[PDB]
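> Supplied in structure tokens, the structure appears directly below.
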Amino acid sequence: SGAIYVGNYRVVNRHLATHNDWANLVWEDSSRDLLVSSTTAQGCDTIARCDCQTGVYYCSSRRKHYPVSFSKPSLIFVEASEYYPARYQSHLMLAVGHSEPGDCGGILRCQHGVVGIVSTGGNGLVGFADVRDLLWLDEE
Ligand SMILES: CNc1ccccc1S(C)(=O)=O
Ligand SMILES: [Zn+2]
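When you number the sequence shown by the working numbering, it's gap-free, plus one each residue, and the end is 175.
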């Protein structure tokens, strides 16, 4: 589990979106596993605007933050998980690290702020759904 709380937006894995998120929907992309909903209270997170390939991610299934190198956002084939079939995913950044289903929503952050959230796992890789291209997150 996990979300980015940036202004009056909640960014979550699309597959973990609640009824409330769908009922307060701003934007969703299945290919990216991202869903954004509206909030009443303002949030404490800032979005990275950058092409950093190093940062730190939270891994709930280790209760640990790990420093990682990660690929630039790409179109990647993802094998089957408890929450999705084998399929392609867009704006997905891969690193060497531990990821299980419940780790989805863990923040990846660089010196510039939040880069993305854990989206995929398996074979000792972790995949992050990038949000740094979503400039509209910063305003309105
Ligand atoms: C939809 N575009 C796309 C697809 C795969 C990964 C990243 C991108 S991009 C060039 O926008 O970073
Ligand atoms: Zn950065």
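Built from N, CA and C at the ideal position, the CB exists for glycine as well.
1) When you measure from the CB of residue 146 to every non-hydrogen atom of ligand 2, does any distance come out below 7 angstroms?
2) Which first and last residues belong to the beta strand (DSSP E) in which residue 189 is found?
3) If you drop the 5 nearest sequence neighbours on each side, which residues of the same chain put their C-beta closer than 6 angstroms to that of residue 151?
4) Measuring alpha carbon to alpha carbon, tell me which residue in 154, 82, 58, 95 is nearest residue 65.
5) Compare the Cα-Cα distances from residue 81 to each of 140, 161, 158, 147 and report the closest residue.
6) Among 63, 128, 61, 140, whose alpha-carbon lies nearest the alpha-carbon of residue 111?
7) Could you tell me which of 92, 61, 46 sits nearest to residue 145, measuring between CA atoms?
8) Suppose the cutoff is 7 angstroms on Cβ atoms and the five residues either side in sequence are ignored; what does the same chain contact list for residue 42 look like?
With the structure as the only source:
1) Yes, ligand 2 has a heavy atom inside 7 angstroms of this Cβ.
2) There is simply no residue 189 to check, as the chain begins at 36 and stops at 175 in what is shown.
3) Taken in chain order, the residues that qualify are 143, 163, 164, 165, 166.
4) Cα-wise, what sits closest to residue 65 is 154.
5) The residue with the shortest Cα to Cα distance from residue 81 is 147.
6) Residue 111 has its Cα closest to that of 128, out of 63, 128, 61, 140.
7) Measuring from the Cα of residue 145, the nearest candidate turns out to be 92.
8) Closer than 7 angstroms at Cβ, skipping near neighbours: 77, 78.
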